[PDB]
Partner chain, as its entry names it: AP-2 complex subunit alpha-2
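Next up: just one chain, as structure tokens, the form deposited without the partner chain.
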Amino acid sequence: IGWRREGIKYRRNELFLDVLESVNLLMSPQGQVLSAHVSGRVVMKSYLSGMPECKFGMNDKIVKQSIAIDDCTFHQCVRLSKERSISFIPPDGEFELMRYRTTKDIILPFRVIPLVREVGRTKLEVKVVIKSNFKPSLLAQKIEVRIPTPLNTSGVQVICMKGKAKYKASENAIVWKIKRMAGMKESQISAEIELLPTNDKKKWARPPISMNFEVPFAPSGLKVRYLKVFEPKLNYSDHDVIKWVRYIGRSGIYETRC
């Protein structure tokens, strides 16, 4: 076992799991889900004594809410069995335990509803509504909604009740930023886009509205059920180990077409 030395002792035997997922979405103008997947990693940070037999249990459905892995690679320390149990003697400190992909039953934490109105050929009226879709006790953090503007843009007027927004002319986008937002809510932004005149013939190819966010759950639906520690020499049971998990779900590509 060349990934863990043999001397290791801690009074405080503790581990931390980070489930880190990036959720990706392409949505049609009329709310259809054109494409969506999650990529995830589980990172373990183990401060455990001796050489212990860890067993990682999740809400895998092949084994309540239960979920569907398309595929995954593991860290060499993992004993490949097909009971679908995850067994290993972990390296010390921090390492990547598994990497995975999911396409089915994904929680899309945000819904984006765009509305666009042409006003002659002098301006565009734009309304965008975002809906948080997740437990109300949970807050999303670091929410950005990026609304692209045409190249013939004289100037931009925006109102929003939540957040701050700026027209960023060099980037050709309005950028709305919200610090915090809770589950099962709505917010909207209105903007009026002043146009320059332009070659009437070439039309605007409206790129998507994209979002960034971070959420404290796994959009795949993954929940950690247990992490079991057995060290058969040393005199500490499983229930002596202090165990922690956190979830950090972040947008990848998360685009809604208008």
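The term rigid core refers to the most C-alpha atoms you can superpose between the two forms while keeping them within 1.5 Å. Residue numbers count along the first chain shown, from 1.
Absent from the display: the form solved in complex with the partner chain. The rest refers to it.
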Subject >> Any non-hydrogen atom of residue 155 within 4.5 angstroms of the partner chain in the entry with it bound >> reply: yes
Original post:
At the 4.5 Å heavy atom threshold, is residue 88 in contact with the partner chain in the entry with it bound?
Top reply: no
Original post:
Should residue 149 be counted as a contact of the partner chain in the entry with it bound, where contact means heavy atoms within 4.5 Å?
Top reply: no
Subject >> is_contact(residue 233, the partner chain) in the entry with it bound, heavy atom dist at most 4.5 Å >> reply: no
Original post:
Just one of 27, 191, 69, 44 has a CA that shifts 2 Å or more between the shown form and the other one on a core fit; which is it?
Top reply: 69
Original post:
Are residue 42 and residue 69 closer or farther apart at their Cα atoms in the entry with it bound than shown, with the shift being 3 Å or more?
Top reply: farther
**OP:** Since the Cα separation of residue 69 and residue 210 moves by 3 Å or more in the entry with it bound, tell me which way: closer or farther than here.
**Re:** closer
